[PDB]
């Protein structure tokens, strides 16, 4: 099975901290960088084992990942077996029908050699650890960009910026996770490079790693909320209820985490909070035609677009096991301030906030990149539906900056289209490789 002593913590279990910093660096002096990578970083890289034990949480959890150009800067010229990783995310932007005009300039290029993920319960601890790293490495490293992120405050902890409980759904790794009801079950090699049934040849030092797809996704929260009020379906329910319904129809879950498939007309917070129930569905319903029924959940809903379940065949009763190879592990975390009074009032965002999106997978072409291009951005996915035009994912679907046509959202008429402005704005990111911990003070320091 998996050697969890040698797998970086964020890949499989997440950092388990209130605050994170994504610290994007260039390598100036490989020789000196390597010395300190081996001596100072490697020994303190947090493993899955370490982060899985409540009694061995580090004060600051550290992970580290390298871009293609970072590996080359280290003289590591081996083929990692991933062309998307090699080319970098900036080159991939066309695949997602987005312009680099909105990108963080530092992302729009291949100058970034890596990212250090620091995680801690206070920003003070993170800041001090940055100081220690910079003093240790000196001018052998340059900070190019950073992004601070945090779990949201109070009762919104674990919710993303639109207000929805996040981090319910992940693939279970066969032989490692004990699966929850409804959860997909996949080979380790879907997530971990060189692991069980990863068909791609890797360098030996890379066995136990994963590809990290980072995306800085700004969310326009006041704009989103206004759209919901303005386009809420008619009905006998209150305006707030009907606006909330439309939001949940877009996501596929209510804010509590309750899947709309299991509770189509109102939130069920007891269900949302219950990990034994809140993923226990396939999209199939007795007496309903899977191909045309959007009364439980639109074909276009975010979670349905990103894990189709019964939409791609297989069991109509849970768990559905379809499309395991297109699973991602998600370790995203919100960034930016809470929505301010003035923004709430004006419906207009002025302070950047959103999701520091992190997806892990063994093949970028099967994971994040696939979900975004082949499913979310595909107006005829899922296939074989009636009507055939599902439209785009209303959360992440992109159409070159144009409003997205999204069908199925209104319960009264599945043929009714909404034309929806983007509420998520990509500011880009990069593809990294999080190596096994042994490689950090091993090959990468040699």
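Residue numbers count along the first chain shown, from 1.
For the pair 131 to 139 and 347 to 355, the mean Cα B-factor is higher in 131 to 139. In this entry, 36 to 44 has the higher mean Cα B-factor, the comparison being between 374 to 382 and 36 to 44. Across the options 150, 196, 279, 263, the residue with the most elevated CA B-factor in the record is 196.
Per the PDB entry, 412 shows the highest C-alpha temperature factor of the residues 412, 67, 407, 63.
Ranked against the other modelled residues of its chain, the C-alpha B-factor of residue 391 as given in the entry falls in the lowest third. Among the modelled residues of the chain, residue 94 sits in the highest third by CA temperature factor in this PDB entry.
When the modelled residues of the chain are ordered by their C-alpha B factor, residue 270 lands in the middle third.
Annotation for residue 14: C-alpha temperature factor in the highest third relative to the rest of the modelled chain, per the entry. Ranked by C-alpha B-factor against the other modelled residues of its chain, residue 257 falls in the lowest third.
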